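Asker: First piece of the complex, coordinates kept as in the full assembly:
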Amino acid sequence: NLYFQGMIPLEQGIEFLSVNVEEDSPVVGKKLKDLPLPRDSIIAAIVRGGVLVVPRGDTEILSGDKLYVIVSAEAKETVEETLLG
């Protein structure tokens, strides 16, 4: 199947992006509620084996997950570094 990968602008100063979680990403095995994310960032959705996972605080991020993120321009690089290193 075709799929979204990369980033698109939503508004003045807000972007939508995808993150592919690799085996060595620092977020692997962490629960969403325990991630030190900037206040202007959102883990909007997880796609896992092609299936939508609705994120909740107790959701554990796994190797191979695809994350969809909404984030301010100011916070984008910090969120990416938090997720991927």
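Answerer: Okay, I see it. Numbering: from 1, shown residues only, chains lettered A, B, ... in the order given.

Asker: Pull the number of nearby residues for residue A:13.
Answerer: Look at residue A:13: counted by other C-beta atoms under 10 Å, it has 12 neighbours. C-beta coordinates here come from the backbone N, C-alpha and C atoms, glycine included.

Asker: Tell me who's in contact with the residue lying closest to it once chain neighbours are set aside.
Answerer: Nearest non-adjacent residue to residue A:13, counting by C-beta to C-beta, 6 or more residues apart in numbering: residue A:73, 4.7 Å away. Contacts for residue A:73 (C-beta atoms under 8 Å, 6 or more residues apart in numbering) come out as A:13-15.

Asker: mind listing which of these are in strands?
Answerer: A:14-15 (DSSP state E).

Asker: Output the contacts of residue A:73 as a markdown table; include the columns distance to residue A:83.
Answerer: Compiled in a markdown table, the contacts of residue A:73 are given as follows (distance: C-beta to C-beta, whole Å):
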| residue | distance to residue A:83 |
| --- | --- |
| A:13 | 20 |
| A:14 | 18 |
| A:15 | 14 |
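
Asker: Kindly incorporate the sequence below as chain B:
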Amino acid sequence: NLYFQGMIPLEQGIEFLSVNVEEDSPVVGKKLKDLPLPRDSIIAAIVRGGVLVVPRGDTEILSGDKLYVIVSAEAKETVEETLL
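Answerer: Same chains as before, plus chain B:
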């Protein structure tokens, strides 16, 4: 000031869309936790007066809000009907 409006596919069977909340919207003043939504749907973000609002269960939708939604193909019409 350019902006996203409409819908795009993300994956097979998953769509990303925007909704503009008007004064006649059935969901005005409702908390997100109280909205009747199908399993495969997510209120991904709110933009309010140009500012990002992180959706929480107790977040109230206001007239004029812009919602960004992630939904399965199968759930999309149901979500649009609930919100609009």
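
Asker: The neighbour count of residue A:13 with chain B there, same question as before?
Answerer: Neighbour count for residue A:13, taken as other C-beta atoms under 10 Å in any protein chain shown: 16.

Asker: Looks like it contacts residue A:71 (just checking).
Answerer: No - when contacts are counted by C-beta atoms under 8 Å, residue A:13 is not listed as touching residue A:71 (9.8 Å).

Asker: joint contacts of the two?
Answerer: Taking C-beta atoms under 8 Å, 6 or more residues apart in numbering or on different chains as the criterion, residue A:13 and residue A:71 do not both touch any residue.

Asker: could you say which helix or strand contains the residue nearest the centre of chain A?
Answerer: A centroid search over chain A (C-alpha atoms, centre = their mean) returns residue A:67, at 3.7 Å, as the residue closest to the centre. Assigned by DSSP states H and E, residue A:67 falls within strand A:66-72.

Asker: Against which helices or strands is that strand packed?
Answerer: Where contact means 3 or more C-beta pairs under 8 Å, 6 or more residues apart in numbering or on different chains; DSSP states H and E, strand A:66-72 is packed against strand A:14-20, strand A:41-48, helix A:76-84, strand B:41-48.
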